[PDB]
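This is the structure I have questions about; it appears just below.
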Amino acid sequence: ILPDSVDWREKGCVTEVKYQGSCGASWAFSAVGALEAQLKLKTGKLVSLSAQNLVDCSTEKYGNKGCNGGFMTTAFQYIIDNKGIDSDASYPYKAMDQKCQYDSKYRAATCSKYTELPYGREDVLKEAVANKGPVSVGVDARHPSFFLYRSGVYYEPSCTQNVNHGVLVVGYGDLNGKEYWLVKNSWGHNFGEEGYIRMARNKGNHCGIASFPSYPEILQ
Ligand SMILES: CCCn1nc(-c2ccc(C(F)(F)F)c(SCCN3CCCCC3)c2)c2c1CCN(C(=O)CC1CCN(C(=O)CN(C)C)CC1)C2
C-alpha cells in the first residue's frame, strides 16, 4: 500500500531550484536537496543548505573532486563526520573550487545516517520516495534531448544505466498512464518544467535513475 502519486514540493519540503553553472557540482546539489527535505520534516523549517560547503570541504577523504564530480553518499558521510553543514545563506554558491570555509556558527543541519538502495530497483525507490522523502540519484544526462527537454515524460532510447549527473527525485506519478519520476535538476528555472524533469518510470531503470539511489536522515 503506497500512494499512486507523491510530490514533496506540495509538502513544503523542496527548496528553490539552483543553478550549478560550469562547475560539476550536481552531486552536491543532489545531496543538500535530499537533506533539506529531512531538515524540513524534523524542524518545520525550510532552508537551502550549502552545496559550496560540500564542494570545498567534502574532498579527497570522501573520493570527491569538487567541481570535477563527487558522490552523494560520501557527501552525506562528510556531513556526519563534520557534525554539521552550513546554510547556503552563510556559505553561498560560487561555481568554483575553493578552500574549505566551514564555520560551525552557521550550521543549519546535521546528518545522523544515510541509506543506499539496491541497484535498478524502481519499486524500492518508489517505496523510499513515498515513505522516507526525496532521494538523491544519478542519471545519464549525456544526451542533447536531456539538455533540450522542455516538458512531458522524458524518454531517450539511447539512454544507458551508467550515471553521470546527480539529481533529486522529489516525487512520482503518472500522466495519462505514462509513469514518471519527478526530478529536481540544478540547471536553473529555465530548464524543463520550471527546473524539473519528469523521467520515465518502470522502463528498465531508464537513464540509470535507480542505479545509485541514496537518502540521508536526521534522527532524534
Ligand atoms: C561505475 C559505478 C561507480 N559509481 N558511480 C556512482 C555515482 C553515483 C552518482 C553520481 C552522480 F551523478 F549523481 F553524481 C555519479 S557521477 C560520477 C562521479 N564521480 C565521482 C568521483 C570523481 C569522478 C566523478 C556516480 C556510484 C558508484 C558506486 C557506488 N556509489 C557510491 O556512492 C558508493 C561508493 C563507495 C566507494 N567509494 C569511496 O570513495 C570509498 N572510499 C575511498 C571513500 C566511492 C563511492 C555511487
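Numbers for residues simply follow the sequence, beginning at 1. As the structure lists them, so they are numbered: ligands from 1, and atoms in each ligand from 1.
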* Asked: Quick one: which ligand 1 atoms are inside 4.0 Å of a heavy atom on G63?
  -> 21 (C)

* Below 4.0 angstrom from a heavy atom of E116, which ligand 1 atoms are there? Numbered from 1 as shown, please. => 31 (C), 33 (C)

* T73 neighbourhood, listing ligand 1 atoms whose heavy-atom distance to it stays under 4.0 Å -> 31 (C), 32 (O), 33 (C)

* Between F76 and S214, which heavy-atom pair has the shortest distance, and what is it? -> CE1-OG, 3.6 Å

* Run the ring-centre check on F29 versus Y93 and record whether the distance is less than 6.0 Å. => yes

* Look at ligand 1 and say whether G70 reaches it with a heavy atom at a distance under 4.0 Å. => yes

* State if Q77 counts as touching ligand 1 under the rule of any non-hydrogen atom under 4.0 Å. => no

* Asked: Does an N or O from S26, backbone or side chain, lie closer than 3.5 Å to an N or O of ligand 1?
  -> no

* Considering only heavy atoms of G166, which atoms of ligand 1 have at least one such atom less than 4.0 Å away? -> 11 (C), 12 (F), 13 (F), 14 (F)

* Asked: At under 4.0 Å between heavy atoms, which part of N164 makes contact with ligand 1: side chain, backbone, both or neither?
  -> backbone

* **Which of the ligand 1 atoms, numbered from 1, are nearer than 4.0 Å to a heavy atom of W27** => 14 (F)

* Subset of ligand 1 atoms that lie under 4.0 Å from at least one heavy atom of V163 -> 7 (C), 8 (C), 9 (C), 10 (C), 15 (C), 25 (C)

* **Heavy-atom nearest neighbour of atom 39 (O) of ligand 1 within options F212, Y62, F29** => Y62

* To do: May I ask you to check whether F146 and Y154 place their ring centers less than 6.0 Å from one another?
  => yes

* Would you check if the distance from the ring center of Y180 to the ring center of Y172 is below 6.0 Å? => no

* To do: Could you tell me whether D103 and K105 make a salt bridge, using a distance below 4.0 angstrom between a side-chain N and a carboxylate O?
  => no

* **NZ/NE/NH1/NH2 to OD/OE distance under 4.0 Å, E193 and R198** => yes

* To do: Give a yes or no answer on whether the side chain of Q20 reaches the backbone of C23 with a donor-acceptor pair at less than 3.5 Å.
  => yes

* Answer yes or no: is there a side-chain heavy-atom contact under 4.5 Å between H165 and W27? => no

